[PDB]
Asks: 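Got a structure for you, written out below as structure tokens; questions coming shortly.
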Amino acid sequence: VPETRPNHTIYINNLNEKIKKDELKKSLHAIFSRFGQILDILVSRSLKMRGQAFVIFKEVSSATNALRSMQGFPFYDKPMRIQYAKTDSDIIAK
RNA sequence: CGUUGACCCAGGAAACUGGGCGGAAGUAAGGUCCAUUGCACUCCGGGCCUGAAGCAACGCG
Ligand SMILES: NC(=O)CC[C@H](N)C(=O)O
Ligand SMILES: [Mg+2]
Ligand SMILES: [Mg+2]
Ligand SMILES: [Mg+2]
Ligand SMILES: [Mg+2]
Ligand SMILES: [Mg+2]
Ligand code: NA
Ligand code: NA
Ligand code: NA
Ligand code: NA
Ligand code: NA
């Protein structure tokens, strides 16, 4: 049941798991910095966290625009599925 | 691993202390086979193969 409550952070899944962590992070940044200031991008290839990423924007409006505009975009041959993060990210609790 | 140092962070009036920061390690990472659509921020699934680096220098291994 898709998370639709707006947030500073977007949650992305259905990411291609064969992409190297570093290259994935850099591609995500390239794709999303257009939408606004990104504080951070959290990427892990653990069993639990692979295929997934969190990109943290400074403004909520940036996250919203990023979410709406990049939905379903084919990224390393896989359509990105984007929702808002369920709860705030740490840096945003600061 | 040692020495003499550089830079960043926390604390300290300071001296400096603690990290970042070296043989680290069969680790991080990479290839493949299997498994996985998973809401995290304190790494981190399994097999086989491969496999690094402190910031500088010199010494040692
Ligand atoms: N990793 C290391 O311990 C490097 C040592 C090497 N002798 C050097 O001068 O850099
Ligand atoms: Mg001070
Ligand atoms: Mg010191
Ligand atoms: Mg030293
Ligand atoms: Mg050296
Ligand atoms: Mg020797
Ligand atoms: Na200080
Ligand atoms: Na004091
Ligand atoms: Na240090
Ligand atoms: Na691999
Ligand atoms: Na493997």
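Naming: A, B, ... by sequence-line order, numbering from 1 per chain.
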Asks: Which atom pairs link the protein and nucleotides 49-51 of chain B when you take only N or O atoms and keep those under 3.5 Å?
Replies:
none

Asks: Are A/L67 and A/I12 joined in one hydrophobic group, where the rule is that I, L, V, M, F, W and Y side chains link up if heavy atoms are under 4.5 Å apart?
Replies: yes
Asks: Grab the CD-P distance between A/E17 and B/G45 for me, whole Å please.
Replies: 12 Å
Asks: Please give the nucleotide sitting opposite B/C16 as a Watson-Crick or G-U wobble pair, both distances under 3.5 Å, or none.
Replies: B/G11
Asks: For residues 42-57 of chain A, which residues have at least one heavy atom under 4.0 Å from RNA chain B?
Replies: A/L42, A/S44, A/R45, A/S46, A/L47, A/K48, A/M49, A/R50, A/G51, A/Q52, A/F54
Asks: Measuring only between side-chain heavy atoms, which start at C-beta, is A/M80 closer than 4.5 Å to A/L28?
Replies: yes
Asks: Which one is paired to B/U27, where only Watson-Crick or G-U wobble pairs with both distances under 3.5 angstrom count?
Replies: none
Asks: Need the pucker for B/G38. North if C1'-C2'-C3'-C4' is positive, south if negative.
Replies: north
Asks: Take atom P in B/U17 and the same atom in B/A6, then report the distance between them in whole Å.
Replies: 14 Å
Asks: Look for any protein N or O under 3.5 Å of an N or O in nucleotides 19-21 of chain B and output each such pair with its distance, or none.
Replies:
none

Asks: Would you mind calling the pucker of B/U37 north or south from its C1'-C2'-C3'-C4' torsion?
Replies: south
Asks: Not counting sequence neighbours, which residues clear side chain to side chain donor-acceptor pair (under 3.5 Å) with A/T87? List them please.
Replies: none
Asks: Rounded to the Å, how far apart are A/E3 CD and B/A40 P?
Replies: 12 Å
Asks: How would you list all residue pairs meeting side-chain hydrogen bond (donor to acceptor under 3.5 Å, both in side chains) that involve residues 64-74 of chain A, not counting sequence neighbours?
Replies: A/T64-A/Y84, A/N65-A/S69
Asks: Output the rounded distance in Å from NZ (A/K21) to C1' (B/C41).
Replies: 11 Å
Asks: Ignoring hydrogens and angles, write down the donor-acceptor pairs under 3.5 Å from the side chains of residues 36-44 of chain A, residues two or more places apart or on other chains.
Replies:
unit_1: A/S44; atom_1: OG; unit_2: A/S46; atom_2: N; d: 3.1

Asks: Classify the glycosidic conformation of B/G54 as syn or anti, calling it syn when the angle lies within 90° of 0.
Replies: syn
Asks: Do A/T9 and A/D88 have side-chain heavy atoms sitting under 4.5 Å apart?
Replies: no
Asks: Could you pull out all residues at least two apart from A/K26 that satisfy salt bridge (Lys or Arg N to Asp or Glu O under 4.0 Å)?
Replies: A/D22
Asks: Stacking between B/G47 and B/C48, judged by six-membered ring centres under 5.5 Å and planes under 30°?
Replies: yes
Asks: Could you let me know what B/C44 is paired to, Watson-Crick or G-U wobble, both distances under 3.5 Å, or none if it's on its own?
Replies: none
Asks: Starting at NZ of A/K86, measure out to CZ of A/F54 and round the result to the nearest 0.5 Å.
Replies: 9.0 Å
Asks: Using the torsion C1'-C2'-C3'-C4', state whether the ribose or deoxyribose of B/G23 falls on the north (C3'-endo) or south (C2'-endo) side.
Replies: south
Asks: Does the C1'-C2'-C3'-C4' torsion put B/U42 in the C3'-endo-side north group or the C2'-endo-side south group?
Replies: south
Asks: On a whole-Å scale, what distance lies between the P atoms belonging to B/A25 and B/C55?
Replies: 15 Å
Asks: Please identify each residue that fulfils ring-ring contact (aromatic ring centres under 6.0 Å, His included) with A/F75, with sequence neighbours left out.
Replies: none
Asks: Does any nucleotide pair with B/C55 by Watson-Crick or G-U wobble geometry, both distances under 3.5 Å, and what is it?
Replies: B/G5
Asks: Running the 4.5 Å side-chain criterion over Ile, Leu, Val, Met, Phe, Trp and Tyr, what cluster does A/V60 land in, apart from itself?
Replies: none
Asks: Considering residues at least two apart in sequence or located in another chain, which fulfil the side chain to side chain donor-acceptor pair (under 3.5 Å) criterion with A/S62?
Replies: none
Asks: Between P on B/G30 and CG on A/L24, what's the gap in Å once rounded to a whole number?
Replies: 11 Å
Asks: If we only count heavy atoms from C-beta on, is the A/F32 to A/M70 side-chain gap below 4.5 Å?
Replies: yes
Asks: Taking the same atom, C1', in B/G18 and in B/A52, what whole-Å distance lies between them?
Replies: 27 Å
Asks: Partner of B/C39 by Watson-Crick or G-U wobble geometry, both contacts under 3.5 Å, or none?
Replies: none
Asks: Taking all non-hydrogen atoms of both residues, which atom of A/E17 and which atom of A/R45 are closest, and how far apart?
Replies: O-NH2, 2.8 Å
Asks: Just the rounded figure in Å: distance from P of B/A40 to CD1 of A/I91.
Replies: 14 Å
Asks: Check A/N14 against A/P79 and note the closest heavy-atom contact, atom names and distance.
Replies: ND2-O, 2.9 Å
Asks: Ignoring hydrogens, what is the shortest heavy-atom contact between A/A63 and A/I10? Give both atom names and the distance.
Replies: O-CG2, 3.6 Å
Asks: Under the rule syn = chi within 90° of 0, otherwise anti, which is B/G22?
Replies: syn
Asks: Applying side chain to side chain contact (heavy atoms under 4.5 Å, CB included), can you list everything that pairs with A/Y76, at least two apart in sequence or on another chain?
Replies: A/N16, A/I19, A/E23, A/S27
Asks: If the glycosidic angle sits within 90 degrees of zero it is syn, else anti. Tell me which applies to B/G19.
Replies: anti
Asks: What pairs of nitrogen or oxygen atoms, one from the protein and one from nucleotides 24-28 of chain B, lie under 3.5 Å apart?
Replies:
none

Asks: Taking for each residue the nucleotide of RNA chain B bearing the nearest heavy atom, is the 5' side occupied by A/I19 or by A/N7?
Replies: A/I19
Asks: When the P atoms of B/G19 and B/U3 are compared, how many Å lie between them, rounded to an integer?
Replies: 14 Å
Asks: Calculate the interatomic distance between A/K78 atom NZ and B/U37 atom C1'; express it in whole Å.
Replies: 7 Å
Asks: Would you call B/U42 and B/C43 stacked when the test is ring centres under 5.5 Å and planes under 30°?
Replies: no
Asks: A/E3 and A/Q83: which non-hydrogen atoms are nearest, and at how many Å?
Replies: N-OE1, 3.2 Å
Asks: Under 5.5 Å centre to centre and under 30° between the ring planes, is that true for the bases of B/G5 and B/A6?
Replies: yes
Asks: Roughly, in whole Å, what's the span from CG in A/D90 to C1' in B/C39?
Replies: 13 Å
Asks: Could you tell me whether the sugar of B/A14 is north or south, judging only by the sign of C1'-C2'-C3'-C4'?
Replies: north
Asks: For B/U36 and B/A56, measure between their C1' atoms and round to the nearest Å.
Replies: 45 Å
Asks: Do the six-ring planes of B/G18 and B/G19 sit under 30° apart with centres under 5.5 Å?
Replies: yes
Asks: For RNA chain B, whose closest nucleotide is more 5', that of A/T9 or that of A/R81?
Replies: A/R81
Asks: A/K20 side chain: which of B/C39, B/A35, B/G30 is closest?
Replies: B/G30
Asks: What's the gap between B/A40 and B/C33 when it is taken at their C1' atoms, as a whole Å value?
Replies: 28 Å
Asks: Say you pick atom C1' in B/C39 and the same atom in B/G31; how far apart are they, in whole Å?
Replies: 30 Å
Asks: Nearest whole angstrom, please: distance from the P of B/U37 to the CG of A/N13.
Replies: 11 Å
Asks: Please name the pair of heavy atoms, one in A/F57 and one in A/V55, separated by the smallest distance, quoted to 0.1 Å.
Replies: CE1-CG2, 3.4 Å
Asks: Taking atom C1' in both B/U42 and B/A15, compute the distance separating them and give it to the nearest angstrom.
Replies: 33 Å
